[PDB]
Amino acid sequence: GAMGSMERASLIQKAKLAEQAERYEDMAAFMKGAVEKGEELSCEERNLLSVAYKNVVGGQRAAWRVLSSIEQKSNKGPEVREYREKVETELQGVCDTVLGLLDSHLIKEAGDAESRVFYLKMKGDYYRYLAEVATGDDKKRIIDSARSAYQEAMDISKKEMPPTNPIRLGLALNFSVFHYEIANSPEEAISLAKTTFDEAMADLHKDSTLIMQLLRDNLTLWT
Amino acid sequence: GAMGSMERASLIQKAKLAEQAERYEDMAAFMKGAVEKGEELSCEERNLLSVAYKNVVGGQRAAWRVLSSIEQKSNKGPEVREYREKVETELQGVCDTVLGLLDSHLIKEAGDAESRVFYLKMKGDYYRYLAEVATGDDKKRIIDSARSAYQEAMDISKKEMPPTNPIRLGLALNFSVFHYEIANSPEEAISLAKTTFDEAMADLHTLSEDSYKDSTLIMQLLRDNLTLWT
Amino acid sequence: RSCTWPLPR
Amino acid sequence: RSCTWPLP
């Protein structure tokens, strides 16, 4: 691929320049190159990969939401639907790229629990971004893939990580949002957030307490 | 090209949608398509074109400055140069797109003075951006092309527009910056900025409701640049 | 608009 | 850091 002739260390170094430059597409493409070298990511490198793809997909999700809303409030001409479709298609390509990287290179039987949970959480997250724009039979397949990834990450985080670990927390947050906002299970959602928040206070004493606010903030919105 | 099969009015509408969605690359691509239909732009459409490409090139210029000064803050290892050249090449690509549009479609002998001056100012501005990153013989041809575009716009604006016209001021502001920061002629910059600010002051009386917000704002930037430069 | 982690910005 | 118009 495009990055095949570049040294792993140079790709990582360039991803960090791109971050400083706020060029998140270049950041992603550099990090995709690095992963394709076939060696494990360190903790720092995983976060470069996370941050770069989150920003790309973030922008695209926000644009999709603006367009869908203009489309809802206005239906009188195909233009808004066409452009929403186009943004939707680009969003889906990015998600497919991330999921390709996770399945082809990153998700392994081997490694730190933390690393395996990280990648399975990313997989549930990027299936959930797909589910946000999906309809019909495709949506149902995507929802089941999101669920199955998150559930697998949840199994690992509970057997191998402590209740205050930010990854385990973020994972349960996102999965609860999935339950409520995507999978139409408010019961499972609310239970997961409360149980997750509860088991966290019982081990308290940072990035831990943000995610604990968010579990409560969501719970407010939901009940 | 790629927008060839779309209706002009649909391209304008999608450009406005790309603006709402803060997708400036998309918005630029849509306005390029509208321009390639060969019909003149309205005032509003000009403004869509300028906004789209200013945001695209504005992000590239800002990225280039970040990397440029990381490349100096350690001046080895070729990664910073290489990424800096890469952003540079993209920036030149966009400038060349805009200069091609102005030359092939937008700069004409006909039309109102606003439209003529606006396109020639854009031409000076986009040569100036190329100048910011050029070296050698390239730079000299680029600086000369920026000067000549600005000078022609200046000659029209003085003959055909009042001295508080925003396009006139904005032009004189950008040209003064070109003198100062690109042509290394700070006395020329200073005199143009002052002359300009003053002539505008001498007529702030004859200033339109809609123009007032813009003309005063730009007179303000002339004052801020003169402070920076004295 | 339920919040997810990590956040953007 | 000279200002130009239009601003971003």
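Numbers here mean position along the shown chain, with the first residue as 1.
When the header is checked for method, it gives X-ray crystallography, 2.3 Å.
The backbone N, Cα and C atoms fix where each Cβ goes, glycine too.
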B:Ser10, B:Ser69, B:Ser148 - residue that Swiss-Prot labels as phosphoserine: B:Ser10
Secondary structure content of the expression tag (B:1-5), with strand meaning DSSP E or B: 0 helix, 0 strand, 5 coil
Close in space, distant in sequence - B:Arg61 (site 'Interaction with phosphoserine on interacting protein'), Cβ under 8 Å, 6 or more apart: B:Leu91, B:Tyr129, B:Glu132
Recorded positions among B:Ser10, B:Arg61, B:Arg128 whose Cβ lies under 8 Å from any chain A Cβ: B:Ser10
Interval of 6 unresolved-in-model residues, reported as the Cα distance (Å) from B:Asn75 through to B:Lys76: 8
In three-state DSSP terms, the structure that B:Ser10 (phosphoserine) belongs to: helix
Integer Å distance between the CA atoms belonging to B:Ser10 (phosphoserine) and B:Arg128 (site 'Interaction with phosphoserine on interacting protein'): 32
